[PDB]
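Okay, here we've got a single chain as structure tokens, the form deposited in one PDB entry, with questions on binding and movement later.
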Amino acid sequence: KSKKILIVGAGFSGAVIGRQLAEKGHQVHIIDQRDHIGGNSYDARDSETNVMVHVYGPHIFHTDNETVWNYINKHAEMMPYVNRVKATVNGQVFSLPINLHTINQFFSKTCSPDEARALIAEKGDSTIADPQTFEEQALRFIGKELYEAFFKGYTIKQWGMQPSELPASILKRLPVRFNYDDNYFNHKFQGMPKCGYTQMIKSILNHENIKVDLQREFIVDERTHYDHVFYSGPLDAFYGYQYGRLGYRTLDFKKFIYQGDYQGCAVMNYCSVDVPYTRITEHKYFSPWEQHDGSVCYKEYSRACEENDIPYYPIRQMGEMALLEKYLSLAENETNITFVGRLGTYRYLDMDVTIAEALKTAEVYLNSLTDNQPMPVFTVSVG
């Protein structure tokens, strides 16, 4: 028996769930308030340069979950690509994340791995036993100079607060790699969709039982035309923000076009507070199998997220976490609806994780129909 399903959101959560159920004969109506599919994964070609631009910022696919990998490889050709971030600070260019080259270069040393462990352990401020603040967990770990060169200015720009004002919980691990691997990611699978995420998600969306409507807001009154609703909009918004708006950072992108090769890599972080942007991305560097004479770039600014802005990074400190609980209690008393996604559950989720969660959510729903059981409102842990 074919169910009627409303899915709010045409990003990965909406699409993957939609496709899983379309394949099992359900009638899937997917809507999105924006004027294009893809959610925050959307890319598109700038007309003047033909560069495939990541519209909502750099989106690097990476995963250790082969099921997910095989799954996207059904909808795109993945090109190999490894993210290699550079950072400009103190009149030098370094590689990130902090590795043996960063350390040698920064200190003008010629350390082996072990020698560099020793060198970092001397630099570490153990003149403080129970580090409380982010400022003091870094200072314990990597010492004043590195903390001040690579962390303090960046954190302030990205989070809008002094690392003294932030908790030690943020930095669980000593942020140094004691080898020369400068790949940003450790995952088994990494790459970039040859024709981009918009095409990949378009492919996922291509089934007879899926209808997409764009420029289309969710309205609660619609709920009753459907057997089930998957909502990948913001949890707070669903409830009229009745208890207040969940905290995010937002990003502004200042686009410019450079005629040539503007910086020579995909992402150049700027660690200094006195540089008002957080980083510059040169988008053509994400498609290295293509060549373009004209380059699209983005200066990236981080701000507090306000009512008219797109939300990016969830803040998830004590106030925001207490606020989320109140919305959770509302959600748990709900009936033909499941909340999913970065926005529906107030978490930061990579693409690969989002896809894994969407496949599972579909699976649970499908099993709910056959076993005659209630569909849960959340398919992952949310507390």
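Numbers for residues come from their place in the sequence shown, where the first is 1. Basically, rigid core = biggest C-alpha set you can superpose within 1.5 Å across the two forms.
There is another form of this protein, the form deposited in another entry, and it is not shown here; the text below is about that form.
- Residue showing a CA shift of 2 Å or more between the shown form and the other one (rigid core superposed; candidates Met78, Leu174, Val275, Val93): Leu174.
- The two forms, fitted on the rigid core, differ between the shown form and the other one by less than 2 Å at the CA of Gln105.
- When the rigid core is held fixed, the Cα atom of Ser203 travels less than 2 angstroms between the shown form and the other one.
- With the core held fixed between the shown form and the other one, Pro131 has its Cα displaced by at least 2 Å.
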